[PDB]
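Colleague: Below is one structure. I have some questions about it.
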Amino acid sequence: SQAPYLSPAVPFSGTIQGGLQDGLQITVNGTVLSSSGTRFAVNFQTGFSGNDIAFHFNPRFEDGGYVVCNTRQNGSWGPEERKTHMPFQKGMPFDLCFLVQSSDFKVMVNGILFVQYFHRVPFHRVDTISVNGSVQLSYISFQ
Ligand SMILES: OC[C@H]1O[C@@H](O[C@H]2[C@H](O)[C@@H](O)[C@@H](O)O[C@@H]2CO)[C@H](O)[C@@H](O)[C@H]1O
Numbered sequence: 006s007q008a009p010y011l012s013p014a015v016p017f018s019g020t021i022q023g024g025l026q027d028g029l030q031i032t033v034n035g036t037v038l039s040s041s042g043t044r045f046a047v048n049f050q051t052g053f054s055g056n057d058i059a060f061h062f063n064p065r066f067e068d069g070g071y072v073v074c075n076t077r078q079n080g081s082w083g084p085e086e087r088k089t090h091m092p093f094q095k096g097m098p099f100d101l102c103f104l105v106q107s108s109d110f111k112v113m114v115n116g117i118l119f120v121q122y123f124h125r126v127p128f129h130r131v132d133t134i135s136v137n138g139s140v141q142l143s144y145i146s147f148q
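Residue 148 is where the sequence shown ends in the UniProt record's numbering, and the numbering goes up by one at each step.
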């Protein structure tokens with residue numbers, strides 16, 4: 006899109022207008038819930054079902070804190086990329102930004118490069134962003 010989605014309720018699912026295109030920046034601005042309450046996810050997916058998630062970005066406040074990055078294809082999860090030293094904390098606001106590049110998603114958190122996730126499926130087929138889990142959202146916006 007862009008009008009942004011303002012104060013969207015979680016779980017959230019919404020259209021990305023024109024789908025993912027090279028150069029598109031998707032901001033997810035919100036706060037990790039203080040409750041107990043150990044994971045949240047941002048999914049760049051095709052349609053409503055969640056069977057085809059080009060990029061599942063999944064902070065887990067477990068086993069020291071880590072982020073799982075993965076792709077689901079016709080209902081099947083791939084091999085996980087896991088990143089430690091995660092820049093999310095329970096009760097802490099965040100500005101999470103996804104940049105679509107030709108080769109990857111570049112993910113910035115609070116203005117700092119966090120992870121790159123190389124495309125496993127074509128990114129243009131992504132037409133929907135969904136967010137679920139232990140998070141509240143101030144806005145999701147698009148540049
Ligand atoms: O890979 C993303 C999905 O992970 C699923 O859980 C994994 C788990 O991370 C891994 O340790 C292994 O044991 O298998 C599971 C795959 O079913 C979550 O259930 C799912 O929500 C995604 O996060």
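Built from N, CA and C at the ideal position, the CB exists for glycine as well.
#1: Can you list, in chain order, the residues of its chain whose CB lies under 6 Å from that of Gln-148, leaving out five sequence neighbours each side?
#2: Using a Cβ distance threshold of 8 Å, determine whether the segment 110-119 contacts the segment 38-46, with at least three qualifying pairs required.
#3: What is the DSSP secondary structure of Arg-130, reduced to helix, strand or coil?
#4: Grouping DSSP H, G and I as helix and E and B as strand, with all else coil, what is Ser-135?
#5: According to DSSP, is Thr-76 part of a helix, a strand, or is it coil?
#6: Can you tell me the Cα-Cα spacing of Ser-81 and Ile-58, whole angstroms?
#7: Do you know how far the Cα of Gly-55 is from the Cα of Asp-132?
#8: Run the CB neighbour count on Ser-41, radius 10 Å, all protein chains shown included, and call it buried at 16 or more, exposed below.
#9: Tell whether a beta-carbon distance below 7 Å holds between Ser-18 and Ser-135.
#10: Taking its Cβ as the centre, do 16 or more other Cβ atoms sit within 10 Å of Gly-28, making it buried, or is it exposed?
#11: Going along the chain, which residues put their C-beta within less than 7 Å of some heavy atom in ligand 1?
#12: For the putative contact between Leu-38 and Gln-141, defined by C-beta atoms under 8 Å, what is the C-beta separation to the nearest angstrom?
#13: In the DSSP assignment, find the unbroken beta strand (DSSP E) run with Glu-86 in it and report its ends.
#14: Return the chain-ordered list of same chain residues with a C-beta closer than 7 Å to the C-beta of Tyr-71, the five sequence neighbours on each side being excluded.
#15: Under the three-state reduction of DSSP, which class applies to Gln-94: helix, strand or coil?
Modeller: Considering the structure as presented:
#1: Within the sequence shown, residue 148 is the residue found at index 143, counting from 1. These residues qualify, in order along the chain: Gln-30.
#2: The segment 110-119 is not in contact with the segment 38-46.
#3: Residue numbering aside, residue 130 sits at position 125 when the sequence shown is read from its first letter. It is helical.
#4: Looking up residue 135 in the sequence shown gives position 130. Here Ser-135 carries a strand assignment [DSSP, helix/strand/coil].
#5: Along the sequence shown, one-based indexing puts residue 76 at 71. Looking at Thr-76 - three-state DSSP - the assignment turns out to be strand.
#6: Start at 1 with the first residue of the sequence shown, and residue 81 comes out as number 76. Start at 1 with the first residue of the sequence shown, and residue 58 comes out as number 53. One C-alpha to the other measures close to 10 Å.
#7: Stepping through the sequence shown from its first residue, residue 132 is reached at position 127. Stepping through the sequence shown from its first residue, residue 55 is reached at position 50. Cα to Cα, the separation comes out at about 12 Å.
#8: Within the sequence shown, numbered from 1, the residue matching residue 41 stands at position 36. With a threshold of 16 other beta carbon atoms within 10 Å, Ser-41 falls short and is exposed.
#9: What you label residue 18 is simply residue 13 of the sequence shown in a count that begins at 1. What you label residue 135 is simply residue 130 of the sequence shown in a count that begins at 1. One thing to note: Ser-18 has its Cβ within 7 Å of the Cβ of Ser-135.
#10: Taking the first residue of the sequence shown as 1, we reach residue 28 at position 23. Exposed, by the Cβ-count rule.
#11: So the residues near ligand 1 by this Cβ test are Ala-46, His-61, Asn-63, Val-73, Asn-75, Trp-82, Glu-85.
#12: The residue you call residue 38 lines up with position 33 of the sequence shown. The residue you call residue 141 lines up with position 136 of the sequence shown. The pair is a contact, with the Cβ atoms about 6 Å apart (cut-off 8 Å).
#13: Against the sequence shown, residue 86 aligns to sequence position 81. Note, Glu-86: beta strand (DSSP E), 86-88.
#14: Here residue 71 corresponds to residue number 66 of the sequence shown, with the count starting at 1. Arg-65, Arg-87, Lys-88, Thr-89, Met-91, listed in sequence order.
#15: Taking the first residue of the sequence shown as position 1, residue 94 is located at position 89. Three-state result, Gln-94: coil.
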